[PDB]
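Beneath this line is the structure, given in structure tokens, with notes to follow.
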Amino acid sequence: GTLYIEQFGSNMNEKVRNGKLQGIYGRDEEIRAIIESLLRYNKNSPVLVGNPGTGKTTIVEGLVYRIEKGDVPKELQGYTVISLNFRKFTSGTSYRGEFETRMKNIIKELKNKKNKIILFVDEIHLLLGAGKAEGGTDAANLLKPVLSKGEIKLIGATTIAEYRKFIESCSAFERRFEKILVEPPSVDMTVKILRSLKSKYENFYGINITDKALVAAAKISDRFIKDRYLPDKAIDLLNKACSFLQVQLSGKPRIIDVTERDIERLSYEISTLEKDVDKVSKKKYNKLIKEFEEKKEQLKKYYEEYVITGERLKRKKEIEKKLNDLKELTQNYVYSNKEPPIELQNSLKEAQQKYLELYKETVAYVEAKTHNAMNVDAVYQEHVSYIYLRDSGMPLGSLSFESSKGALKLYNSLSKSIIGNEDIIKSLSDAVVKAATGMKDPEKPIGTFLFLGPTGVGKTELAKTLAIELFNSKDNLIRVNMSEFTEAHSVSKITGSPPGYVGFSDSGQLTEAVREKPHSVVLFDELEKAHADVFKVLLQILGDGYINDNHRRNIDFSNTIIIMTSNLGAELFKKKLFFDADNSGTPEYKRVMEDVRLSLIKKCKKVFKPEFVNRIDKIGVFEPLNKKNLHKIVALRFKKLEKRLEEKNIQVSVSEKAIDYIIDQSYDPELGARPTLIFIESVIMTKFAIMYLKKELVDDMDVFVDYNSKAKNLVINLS
Amino acid sequence: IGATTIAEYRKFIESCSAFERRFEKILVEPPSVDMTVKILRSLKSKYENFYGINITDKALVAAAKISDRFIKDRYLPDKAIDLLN
Ligand SMILES: Nc1ncnc2c1ncn2[C@@H]1O[C@H](COP(=O)(O)OP(=O)(O)OP(O)(O)=S)[C@@H](O)[C@H]1O
Ligand SMILES: Nc1ncnc2c1ncn2[C@@H]1O[C@H](COP(=O)(O)OP(=O)(O)OP(O)(O)=S)[C@@H](O)[C@H]1O
């Protein structure tokens with residue numbers, strides 16, 4: 001067959017006869033349209049115009065598969081299909097005959113009936129650059145008069161943008177090529193492709209793929225990605241699964257490599273005999289000894305559980321001979337029974353009492369480990385998301401991986417750092433609970449909130465804690481300084497400048513930054529100070545993820561928690577100072593608060609244009625702090641001084657008098673206990689941070705704070 | 001058995017497209033430098049003789065690390081030969 005190729009390019013049909021091209025899944029309407037456009041009275045050149053993820057190139061291999069197998073009309077039987085550019089982009093670099101040997105040996109080969117070659121081009125827009133030289137015109141312009149003949153046949157495929165920029169610019173080279181649009185396949189069709197490739201991956205890779213992984217491989221990638229079109233994403237995620245399981249399950253798992261290093265390299269070298277004196281910094285070296293003891297729990301526990309999951313594997317040796325073989329040996333066409341009460345209904349109970357007990361425990365190990373599941377050959381749905389979460393802006397673990405234990409303790413962990421208004425937290429934490437499960441809204445962004453409240457309470461602090469907990473980083477916190485966006489002209493800074501104006505290279509300040517981190521909270525600082533035109537864009541933001549850039553690409557605001565604090569604290573309701581600073585009088589506080597909250601909602605109609613209120617999932621009024629609440633906050637702020645300022649050895653303690661001294665002095669109703677964050681930095685931190693002798697510098701800080709209540713600073717040096 | 005360099009055969013030797021399947025490859029490896037130090041210890045037997053100068057073994061071990069770090073071309077085992085010369 002090399003006589004017709006002229007040994008550049010390749011015949012497709014010989015590769016079909018080799019074991020290299022199996023049967024392509026049905027794109028039955030798309031292929032038969034090309035067969036009609038190939039047999040024609042003139043111009044004989046279908047082009048697969050379509051998206052980059054269409055798989056149009058593969059389709060042609062499905063057509064060649066129909067050529068060799070004979071599912072084609074009689075006029076098209078026996079043709080050889082040849083791709084043109086495999087040696088180089090110029091199909092042969094000549095250097096002896098610079099125009100004779102290549103262009104004339106192809107067009108001459110289109111001759112009489114026994115020459116049944118069919119040309120094929122991978123990208124037809126590179127032909128506009130082919131033959132480009134100072135002394136010679138493009139090879140595509142030479143093929144333009146050739147296409148008015150019945151002997152030439154061409155099939156090509158480009159992206160839509162390269163079809164616009166290159167093919168349509170010539171407008172006569174555009175004309176003799178027939179459009180056949182390759183529509184991207186629907187969501188259900190991408191599932192039907194992956195069911196064809198189970199026999200590929202379970203034979204050529206050997207790993208098993210559950211059907212729960214197949215449905216998740218399409219549907220997770222579709223709603224969460226708005227480029228690199230559909231059928232590649234359903235296939236490339238499972239192609240990442242073929243390399244993910246192969247490196248690890250055949251060899252040692254990754255978790256053994258991580259717990260091994262920590263105990264010996266840093267916690268063992270510092271614990272040695274080098275400093276037994278304990279005179280310089282006597283508090284610190286007591287803690288360095290304790291660090292070695294807990295790290296013994298790392299090595300021993302996972303090793304035995306690896307045997308326990310390894311115990312499941314030799315139960316998998318047993319099911320091969322009983323559940324797999326006994327169905328495949330006795331059950332045949334000869335009378336189809338072979339005494340079904342013996343050995344055959346017993347095997348049905350073996351499917352229930354051996355396999356399903358193995359099956360449930362392997363399923364139960366999926367919620368246990370949630371990624372890098374040891375001794376587990378089947379692909380699972382949570383491992384499919386783990387491959388996606390590698391690609392998205394996620395750490396290796398922050399509370400989305402830790403399903404069904406971390407999501408419920410997320411309500412407990414937010415109650416640690418933030419104290420009041422747990423009913424808002426119940427609405428806040430359950431939105432994460434809906435996101436962690438299949439209770440997901442594909443249009444609406446998950447967790448939109450409107451944080452009205454008095455000035456001074458920790459409203460914006462929740463967005464800091466969710467970035468530290470749900471996303472393990474302050475990078476996923478995205479502040480929006482609405483004080484920059486007060487003007488009516490400032491609204492273009494959100495979505496970027498429109499085309500033809502100053503800028504336009506960036507898609508904007510906020511809208512660009514969400515594109516690389518779709519899993520991130522979106523903080524809006526203070527919605528009380530903005531022009532209402534800025535609110536007009538926000539109607540789409542809370543409404544859908546259909547936010548377009550200047551280049552009009554969608555931005556994925558799914559999995560974005562849109563926190564929108566705004567004060568209005570000064571204006572009225574919570575502005576009225578809680579008359580009774582009681583913790584919560586149930587017959588009083590509960591009744592009056594809702595009456596002000598209704599008013600707060602009523603006020604919104606006054607200003608936030610009540611269309612915007614319908615987009616809110618939960619308006620939450622924060623309760624203003626006083627002596628009962630403020631007494632409980634401040635000790636956790638000293639615990640924030642415990643975690644940050646130790647290692648350099650600071651471990652504070654508080655008393656009955658140590659909190660009472662702060663509350664009667666630093667509480668201001670007009671500022672709403674804001675200077676309680678200043679009274680810490682302004683007077684006791686002056687007793688800290690000194691050069692020498694007013695603070696123990698490196699040695700120890702085990703101080704127990706007390707005063708004689710004399711309205712003067714007396715730091716009793718008990719440290 | 002024949003031998004051609006890595007960057008060349010992609011353009012000219014692979015041109016025949018049927019010879020290329022019969023042009024099976026042998027991937028000559030990156031040197032694994034620390035085991036090439038034993039090569040220089042053997043080859044000094046002529047270099048101590050032809051130059052008449054005794055060569056310290058402690059110097060040639062550091063000669064590999066200079067070829068590793070300060071210079072980043074010429075396919076490392078060629079350099080440790082030249083720095084002895
Ligand atoms: N109908 C189908 N049957 C079998 N496999 C398919 C089908 N559609 C897509 N695929 C797979 O998805 C891939 C699609 O390949 P292409 O998209 O042609 O890649 P390409 O040749 O680089 O051209 P691009 O990427 O579209 S610009 C192939 O490797 C196929 O394995
Ligand atoms: N419920 C709370 N839980 C934890 N810390 C709190 C709480 N209320 C207030 N704080 C602390 O007090 C300060 C609150 O900061 P924020 O009030 O959130 O800033 P802000 O929200 O812009 O304030 P306003 O009300 O808009 S002026 C921080 O130092 C918090 O740590």
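Residue numbers start at 1 in each chain; chains themselves are named A, B, ... in the order of the structure tokens; ligands are numbered from 1 in the order shown.
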**OP:** Please provide as a ChimeraX atom specification all residues within 12 Å of residue A:280, with the sequence filter that same-chain residues fewer than 3 positions apart are discarded (counting only C-alpha atoms).
**Re:** /A:275-277,283-286,697-700
Residue selection dump (N, CA, C and O atoms) as a PDB file, in the first residue's frame:
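The result, stored in again-v2.pdb:
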```
ATOM      1  N   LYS A 275      20.809  18.654  74.582  1.00  0.00           N
ATOM      2  CA  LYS A 275      20.584  19.661  75.612  1.00  0.00           C
ATOM      3  C   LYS A 275      19.756  19.048  76.747  1.00  0.00           C
ATOM      4  O   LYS A 275      18.527  19.076  76.760  1.00  0.00           O
ATOM      5  N   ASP A 276      20.461  18.478  77.726  1.00  0.00           N
ATOM      6  CA  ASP A 276      19.822  17.983  78.936  1.00  0.00           C
ATOM      7  C   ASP A 276      19.793  19.025  80.045  1.00  0.00           C
ATOM      8  O   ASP A 276      19.291  18.723  81.133  1.00  0.00           O
ATOM      9  N   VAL A 277      20.320  20.227  79.802  1.00  0.00           N
ATOM     10  CA  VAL A 277      20.502  21.182  80.889  1.00  0.00           C
ATOM     11  C   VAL A 277      19.179  21.826  81.304  1.00  0.00           C
ATOM     12  O   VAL A 277      18.915  21.964  82.506  1.00  0.00           O
ATOM     13  N   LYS A 283      10.664  26.176  79.566  1.00  0.00           N
ATOM     14  CA  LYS A 283       9.312  25.707  79.283  1.00  0.00           C
ATOM     15  C   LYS A 283       9.257  24.943  77.968  1.00  0.00           C
ATOM     16  O   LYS A 283       8.481  23.987  77.838  1.00  0.00           O
ATOM     17  N   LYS A 284      10.092  25.328  77.001  1.00  0.00           N
ATOM     18  CA  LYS A 284       9.926  24.876  75.623  1.00  0.00           C
ATOM     19  C   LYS A 284      10.345  23.420  75.443  1.00  0.00           C
ATOM     20  O   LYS A 284       9.647  22.661  74.762  1.00  0.00           O
ATOM     21  N   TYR A 285      11.462  23.008  76.048  1.00  0.00           N
ATOM     22  CA  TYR A 285      12.008  21.670  75.839  1.00  0.00           C
ATOM     23  C   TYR A 285      11.169  20.569  76.476  1.00  0.00           C
ATOM     24  O   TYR A 285      11.331  19.397  76.117  1.00  0.00           O
ATOM     25  N   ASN A 286      10.287  20.914  77.419  1.00  0.00           N
ATOM     26  CA  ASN A 286       9.336  19.936  77.934  1.00  0.00           C
ATOM     27  C   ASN A 286       8.325  19.528  76.872  1.00  0.00           C
ATOM     28  O   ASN A 286       7.838  18.390  76.881  1.00  0.00           O
ATOM     29  N   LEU A 697      11.160  37.130  77.678  1.00  0.00           N
ATOM     30  CA  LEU A 697      11.325  37.263  76.236  1.00  0.00           C
ATOM     31  C   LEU A 697      11.221  35.927  75.517  1.00  0.00           C
ATOM     32  O   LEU A 697      10.407  35.776  74.600  1.00  0.00           O
ATOM     33  N   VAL A 698      12.045  34.956  75.905  1.00  0.00           N
ATOM     34  CA  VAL A 698      12.150  33.694  75.182  1.00  0.00           C
ATOM     35  C   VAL A 698      11.784  32.565  76.140  1.00  0.00           C
ATOM     36  O   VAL A 698      11.243  31.533  75.725  1.00  0.00           O
ATOM     37  N   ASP A 699      12.000  32.799  77.438  1.00  0.00           N
ATOM     38  CA  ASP A 699      11.978  31.765  78.473  1.00  0.00           C
ATOM     39  C   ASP A 699      10.634  31.067  78.652  1.00  0.00           C
ATOM     40  O   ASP A 699      10.492  29.894  78.291  1.00  0.00           O
ATOM     41  N   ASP A 700       9.638  31.786  79.171  1.00  0.00           N
ATOM     42  CA  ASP A 700       8.326  31.211  79.443  1.00  0.00           C
ATOM     43  C   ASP A 700       7.302  32.330  79.597  1.00  0.00           C
ATOM     44  O   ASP A 700       7.626  33.440  80.015  1.00  0.00           O
TER      45      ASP A 700
END
```
**OP:** Please identify the residues whose atoms come within 6 Å of ligand 2, using only C-alpha atoms and all ligand atoms, and report them as a list in words.
**Re:** residues 417, 418, 419, 420, 454, 455, 456, 457, 458, 459, 460, 461, 567, 674 and 677 of chain A
Write out the residues from the selection above, keeping N, CA, C and O atoms, as a PDB file, in the first residue's frame.
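Okay, out19.pdb is ready:
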```pdb
ATOM      1  N   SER A 417     -14.929  29.214  66.962  1.00  0.00           N
ATOM      2  CA  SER A 417     -14.308  30.515  66.744  1.00  0.00           C
ATOM      3  C   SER A 417     -15.321  31.650  66.791  1.00  0.00           C
ATOM      4  O   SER A 417     -14.978  32.774  67.177  1.00  0.00           O
ATOM      5  N   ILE A 418     -16.565  31.386  66.402  1.00  0.00           N
ATOM      6  CA  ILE A 418     -17.640  32.368  66.448  1.00  0.00           C
ATOM      7  C   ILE A 418     -18.722  31.823  67.369  1.00  0.00           C
ATOM      8  O   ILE A 418     -19.046  30.634  67.317  1.00  0.00           O
ATOM      9  N   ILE A 419     -19.274  32.686  68.222  1.00  0.00           N
ATOM     10  CA  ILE A 419     -20.136  32.213  69.301  1.00  0.00           C
ATOM     11  C   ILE A 419     -21.610  32.434  68.978  1.00  0.00           C
ATOM     12  O   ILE A 419     -22.379  31.474  68.873  1.00  0.00           O
ATOM     13  N   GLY A 420     -22.009  33.695  68.811  1.00  0.00           N
ATOM     14  CA  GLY A 420     -23.417  34.027  68.728  1.00  0.00           C
ATOM     15  C   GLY A 420     -24.058  33.684  67.399  1.00  0.00           C
ATOM     16  O   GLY A 420     -23.378  33.351  66.427  1.00  0.00           O
ATOM     17  N   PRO A 454     -25.850  44.944  63.590  1.00  0.00           N
ATOM     18  CA  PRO A 454     -25.266  46.158  64.166  1.00  0.00           C
ATOM     19  C   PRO A 454     -23.766  46.194  63.950  1.00  0.00           C
ATOM     20  O   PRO A 454     -23.126  45.168  63.708  1.00  0.00           O
ATOM     21  N   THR A 455     -23.208  47.397  64.037  1.00  0.00           N
ATOM     22  CA  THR A 455     -21.774  47.545  63.861  1.00  0.00           C
ATOM     23  C   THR A 455     -21.029  47.001  65.072  1.00  0.00           C
ATOM     24  O   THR A 455     -21.403  47.260  66.221  1.00  0.00           O
ATOM     25  N   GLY A 456     -19.981  46.215  64.815  1.00  0.00           N
ATOM     26  CA  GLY A 456     -19.116  45.711  65.854  1.00  0.00           C
ATOM     27  C   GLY A 456     -19.081  44.203  65.997  1.00  0.00           C
ATOM     28  O   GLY A 456     -18.107  43.673  66.543  1.00  0.00           O
ATOM     29  N   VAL A 457     -20.105  43.495  65.540  1.00  0.00           N
ATOM     30  CA  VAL A 457     -20.131  42.045  65.683  1.00  0.00           C
ATOM     31  C   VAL A 457     -19.354  41.410  64.534  1.00  0.00           C
ATOM     32  O   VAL A 457     -19.055  42.056  63.523  1.00  0.00           O
ATOM     33  N   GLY A 458     -19.012  40.132  64.696  1.00  0.00           N
ATOM     34  CA  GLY A 458     -18.148  39.442  63.756  1.00  0.00           C
ATOM     35  C   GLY A 458     -18.806  38.979  62.470  1.00  0.00           C
ATOM     36  O   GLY A 458     -18.811  37.780  62.171  1.00  0.00           O
ATOM     37  N   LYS A 459     -19.355  39.920  61.696  1.00  0.00           N
ATOM     38  CA  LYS A 459     -20.065  39.555  60.476  1.00  0.00           C
ATOM     39  C   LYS A 459     -19.119  39.103  59.374  1.00  0.00           C
ATOM     40  O   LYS A 459     -19.312  38.029  58.794  1.00  0.00           O
ATOM     41  N   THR A 460     -18.087  39.897  59.081  1.00  0.00           N
ATOM     42  CA  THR A 460     -17.150  39.546  58.021  1.00  0.00           C
ATOM     43  C   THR A 460     -16.227  38.445  58.525  1.00  0.00           C
ATOM     44  O   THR A 460     -15.479  37.866  57.730  1.00  0.00           O
ATOM     45  N   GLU A 461     -16.261  38.150  59.824  1.00  0.00           N
ATOM     46  CA  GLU A 461     -15.371  37.144  60.386  1.00  0.00           C
ATOM     47  C   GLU A 461     -15.740  35.723  59.981  1.00  0.00           C
ATOM     48  O   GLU A 461     -14.870  34.847  59.901  1.00  0.00           O
ATOM     49  N   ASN A 567     -24.086  46.744  56.835  1.00  0.00           N
ATOM     50  CA  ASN A 567     -24.394  47.103  58.211  1.00  0.00           C
ATOM     51  C   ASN A 567     -25.847  47.521  58.375  1.00  0.00           C
ATOM     52  O   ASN A 567     -26.604  46.846  59.083  1.00  0.00           O
ATOM     53  N   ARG A 674     -16.466  47.237  69.256  1.00  0.00           N
ATOM     54  CA  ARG A 674     -15.256  47.287  68.436  1.00  0.00           C
ATOM     55  C   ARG A 674     -13.978  47.607  69.212  1.00  0.00           C
ATOM     56  O   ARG A 674     -12.974  46.906  68.985  1.00  0.00           O
ATOM     57  N   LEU A 677     -11.283  45.001  70.493  1.00  0.00           N
ATOM     58  CA  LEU A 677     -10.216  44.507  69.638  1.00  0.00           C
ATOM     59  C   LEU A 677      -9.060  45.528  69.665  1.00  0.00           C
ATOM     60  O   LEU A 677      -7.967  45.246  69.175  1.00  0.00           O
TER      61      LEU A 677
END
```
Closest contacts (chain A/ligand 1, max 10 Å, only C-alpha atoms and all ligand atoms) as a Markdown table:
```
| residue | atom | partner | partner_atom_place_in_ligand_line | distance |
| --- | --- | --- | --- | --- |
| A:21 | CA | ligand 1 | 4 (C) | 9.9 |
| A:22 | CA | ligand 1 | 4 (C) | 8.7 |
| A:23 | CA | ligand 1 | 4 (C) | 7.4 |
| A:24 | CA | ligand 1 | 3 (N) | 4.0 |
| A:25 | CA | ligand 1 | 3 (N) | 3.8 |
| A:26 | CA | ligand 1 | 1 (N) | 5.6 |
| A:27 | CA | ligand 1 | 1 (N) | 5.6 |
| A:28 | CA | ligand 1 | 1 (N) | 9.0 |
| A:30 | CA | ligand 1 | 1 (N) | 9.9 |
| A:50 | CA | ligand 1 | 26 (O) | 8.2 |
| A:51 | CA | ligand 1 | 26 (O) | 6.8 |
| A:52 | CA | ligand 1 | 27 (S) | 4.2 |
| A:53 | CA | ligand 1 | 26 (O) | 4.5 |
| A:54 | CA | ligand 1 | 26 (O) | 5.1 |
| A:55 | CA | ligand 1 | 17 (O) | 3.1 |
| A:56 | CA | ligand 1 | 18 (O) | 5.0 |
| A:57 | CA | ligand 1 | 18 (O) | 3.8 |
| A:58 | CA | ligand 1 | 18 (O) | 4.6 |
| A:59 | CA | ligand 1 | 1 (N) | 6.2 |
| A:60 | CA | ligand 1 | 18 (O) | 8.8 |
| A:61 | CA | ligand 1 | 3 (N) | 9.1 |
| A:62 | CA | ligand 1 | 3 (N) | 7.4 |
| A:122 | CA | ligand 1 | 21 (O) | 7.7 |
| A:123 | CA | ligand 1 | 27 (S) | 8.5 |
| A:157 | CA | ligand 1 | 27 (S) | 8.0 |
| A:158 | CA | ligand 1 | 27 (S) | 6.9 |
| A:159 | CA | ligand 1 | 27 (S) | 6.3 |
| A:160 | CA | ligand 1 | 27 (S) | 9.9 |
| A:184 | CA | ligand 1 | 8 (N) | 9.5 |
| A:185 | CA | ligand 1 | 8 (N) | 8.6 |
| A:189 | CA | ligand 1 | 1 (N) | 9.0 |
| A:190 | CA | ligand 1 | 8 (N) | 8.3 |
| A:192 | CA | ligand 1 | 1 (N) | 9.3 |
| A:193 | CA | ligand 1 | 3 (N) | 6.2 |
| A:194 | CA | ligand 1 | 5 (N) | 8.4 |
| A:196 | CA | ligand 1 | 4 (C) | 7.7 |
| A:197 | CA | ligand 1 | 4 (C) | 7.8 |
| A:228 | CA | ligand 1 | 25 (O) | 8.9 |
| A:229 | CA | ligand 1 | 26 (O) | 8.9 |
| A:230 | CA | ligand 1 | 9 (C) | 9.4 |
| A:231 | CA | ligand 1 | 9 (C) | 5.9 |
| A:232 | CA | ligand 1 | 12 (O) | 5.4 |
| A:233 | CA | ligand 1 | 12 (O) | 8.9 |
| A:234 | CA | ligand 1 | 12 (O) | 8.8 |
| A:235 | CA | ligand 1 | 12 (O) | 6.5 |
| A:236 | CA | ligand 1 | 12 (O) | 8.2 |
```
Write the residues of the preceding selection, restricted to N, CA and C atoms, as a short mmCIF file (atom, residue, chain, number, x, y, z; two decimals), in the first residue's frame.
```
data_model
loop_
_atom_site.label_atom_id
_atom_site.label_comp_id
_atom_site.auth_asym_id
_atom_site.auth_seq_id
_atom_site.Cartn_x
_atom_site.Cartn_y
_atom_site.Cartn_z
N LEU A 21 -7.58 -0.15 15.75
CA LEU A 21 -8.76 0.71 15.64
C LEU A 21 -10.01 -0.16 15.81
N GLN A 22 -10.54 -0.20 17.02
CA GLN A 22 -11.78 -0.91 17.27
C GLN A 22 -12.97 -0.06 16.85
N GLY A 23 -14.16 -0.64 16.95
CA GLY A 23 -15.38 0.01 16.51
C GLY A 23 -15.77 1.25 17.28
N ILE A 24 -15.91 2.37 16.57
CA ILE A 24 -16.24 3.64 17.19
C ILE A 24 -17.73 3.68 17.51
N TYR A 25 -18.08 4.29 18.65
CA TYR A 25 -19.47 4.41 19.06
C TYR A 25 -20.25 5.28 18.07
N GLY A 26 -21.53 4.95 17.93
CA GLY A 26 -22.42 5.54 16.96
C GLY A 26 -22.65 7.03 17.03
N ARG A 27 -22.16 7.71 16.00
CA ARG A 27 -22.52 9.07 15.66
C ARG A 27 -23.21 9.04 14.32
N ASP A 28 -24.25 8.21 14.28
CA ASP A 28 -24.85 7.64 13.08
C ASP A 28 -25.37 8.69 12.12
N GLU A 30 -24.14 11.79 11.96
CA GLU A 30 -23.01 12.60 11.55
C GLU A 30 -22.19 11.93 10.45
N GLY A 50 -16.41 22.12 13.81
CA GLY A 50 -16.94 21.86 15.13
C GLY A 50 -15.99 22.31 16.21
N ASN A 51 -16.42 22.07 17.44
CA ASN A 51 -15.69 22.49 18.62
C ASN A 51 -14.43 21.64 18.81
N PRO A 52 -13.54 22.07 19.71
CA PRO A 52 -12.28 21.37 20.01
C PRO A 52 -12.51 20.03 20.72
N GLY A 53 -13.63 19.90 21.42
CA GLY A 53 -13.94 18.68 22.14
C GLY A 53 -14.92 17.75 21.44
N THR A 54 -15.28 18.09 20.21
CA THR A 54 -16.23 17.31 19.43
C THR A 54 -15.81 15.87 19.14
N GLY A 55 -14.52 15.65 18.91
CA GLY A 55 -14.07 14.31 18.58
C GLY A 55 -14.32 13.99 17.12
N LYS A 56 -14.36 15.04 16.31
CA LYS A 56 -14.61 14.92 14.88
C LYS A 56 -13.54 14.06 14.20
N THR A 57 -12.28 14.19 14.62
CA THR A 57 -11.21 13.40 14.02
C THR A 57 -11.47 11.91 14.22
N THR A 58 -11.92 11.54 15.42
CA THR A 58 -12.25 10.15 15.73
C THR A 58 -13.39 9.66 14.85
N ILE A 59 -14.38 10.52 14.63
CA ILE A 59 -15.53 10.18 13.79
C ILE A 59 -15.08 9.67 12.43
N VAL A 60 -14.13 10.36 11.81
CA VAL A 60 -13.64 9.90 10.52
C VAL A 60 -13.10 8.48 10.63
N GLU A 61 -12.46 8.15 11.75
CA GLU A 61 -11.99 6.79 11.96
C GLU A 61 -13.15 5.82 12.12
N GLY A 62 -14.29 6.31 12.63
CA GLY A 62 -15.52 5.55 12.55
C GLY A 62 -16.04 5.37 11.15
N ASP A 122 -5.89 16.57 8.79
CA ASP A 122 -6.16 16.74 10.21
C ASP A 122 -6.62 18.15 10.53
N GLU A 123 -5.94 19.17 10.00
CA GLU A 123 -6.35 20.56 10.18
C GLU A 123 -6.15 21.25 8.83
N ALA A 157 -11.03 18.79 9.39
CA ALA A 157 -11.67 19.18 10.64
C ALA A 157 -10.89 20.31 11.29
N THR A 158 -11.59 21.38 11.65
CA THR A 158 -10.97 22.50 12.35
C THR A 158 -11.83 22.86 13.55
N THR A 159 -11.24 23.66 14.43
CA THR A 159 -12.03 24.31 15.45
C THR A 159 -12.84 25.44 14.82
N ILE A 160 -13.86 25.90 15.54
CA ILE A 160 -14.74 26.93 14.99
C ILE A 160 -14.00 28.25 14.85
N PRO A 184 -21.83 19.06 19.64
CA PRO A 184 -21.30 18.29 20.76
C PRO A 184 -22.36 17.36 21.32
N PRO A 185 -21.98 16.15 21.74
CA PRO A 185 -22.98 15.16 22.14
C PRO A 185 -23.63 15.53 23.47
N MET A 189 -25.57 10.91 25.92
CA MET A 189 -24.75 10.24 24.92
C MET A 189 -23.33 10.03 25.41
N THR A 190 -22.81 10.96 26.22
CA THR A 190 -21.47 10.81 26.78
C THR A 190 -21.40 9.65 27.76
N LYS A 192 -23.29 6.99 27.20
CA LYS A 192 -23.35 5.85 26.29
C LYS A 192 -22.02 5.60 25.59
N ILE A 193 -21.15 6.61 25.53
CA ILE A 193 -19.81 6.38 25.02
C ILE A 193 -18.98 5.62 26.05
N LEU A 194 -19.10 5.98 27.33
CA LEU A 194 -18.25 5.39 28.36
C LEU A 194 -18.61 3.94 28.63
N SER A 196 -19.32 1.94 26.27
CA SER A 196 -18.62 1.20 25.22
C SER A 196 -17.17 0.93 25.60
N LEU A 197 -16.57 1.80 26.40
CA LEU A 197 -15.15 1.71 26.72
C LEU A 197 -14.87 0.95 28.01
N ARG A 228 -13.59 23.22 27.07
CA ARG A 228 -13.03 21.92 26.66
C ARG A 228 -14.10 20.83 26.61
N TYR A 229 -14.94 20.90 25.58
CA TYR A 229 -16.31 20.40 25.52
C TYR A 229 -16.53 18.92 25.84
N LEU A 230 -17.81 18.57 25.93
CA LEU A 230 -18.30 17.48 26.79
C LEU A 230 -17.64 16.12 26.64
N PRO A 231 -17.51 15.50 25.44
CA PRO A 231 -17.09 14.09 25.43
C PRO A 231 -15.64 13.86 25.79
N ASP A 232 -14.80 14.89 25.77
CA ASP A 232 -13.43 14.70 26.25
C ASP A 232 -13.39 14.59 27.77
N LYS A 233 -14.17 15.43 28.46
CA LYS A 233 -14.15 15.46 29.92
C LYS A 233 -14.65 14.15 30.52
N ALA A 234 -15.66 13.53 29.90
CA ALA A 234 -16.13 12.23 30.39
C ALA A 234 -15.10 11.13 30.17
N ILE A 235 -14.23 11.29 29.18
CA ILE A 235 -13.22 10.29 28.87
C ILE A 235 -11.89 10.61 29.55
N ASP A 236 -11.51 11.89 29.63
CA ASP A 236 -10.21 12.24 30.21
C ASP A 236 -10.19 12.06 31.72
#
```
Original post:
What are the DSSP alpha helix (DSSP H) residues of chain B, as number ranges by chain?
Top reply: B: 19-22, 37-50, 57-69, 77-84
Subject >> Interface residues on chain A facing chain B, 9 Å, only C-alpha atoms, written as a ChimeraX atom specification >> reply: /A:2,7-10,87-88,92
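Atom pair atom CA of residue A:299 / atom CA of residue A:375 has a distance of 17.5 Å (rounded to one decimal).
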All residues 8 Å or closer to residue A:187, only C-alpha atoms, same chain fewer than 5 positions away omitted, as an mmCIF file with N, CA and C atoms, in the first residue's frame:
```
data_model
loop_
_atom_site.group_PDB
_atom_site.id
_atom_site.type_symbol
_atom_site.label_atom_id
_atom_site.label_comp_id
_atom_site.auth_asym_id
_atom_site.auth_seq_id
_atom_site.Cartn_x
_atom_site.Cartn_y
_atom_site.Cartn_z
ATOM 1 N N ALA A 218 -19.418 11.848 33.730
ATOM 2 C CA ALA A 218 -19.969 12.843 32.825
ATOM 3 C C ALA A 218 -20.557 14.019 33.592
ATOM 4 N N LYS A 219 -21.485 13.739 34.512
ATOM 5 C CA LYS A 219 -22.367 14.774 35.047
ATOM 6 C C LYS A 219 -21.645 15.744 35.973
ATOM 7 N N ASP A 222 -19.626 18.209 33.535
ATOM 8 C CA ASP A 222 -20.392 19.068 32.644
ATOM 9 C C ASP A 222 -20.787 20.365 33.335
ATOM 10 N N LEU A 230 -17.815 18.567 25.935
ATOM 11 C CA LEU A 230 -18.304 17.484 26.791
ATOM 12 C C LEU A 230 -17.636 16.116 26.638
#
```
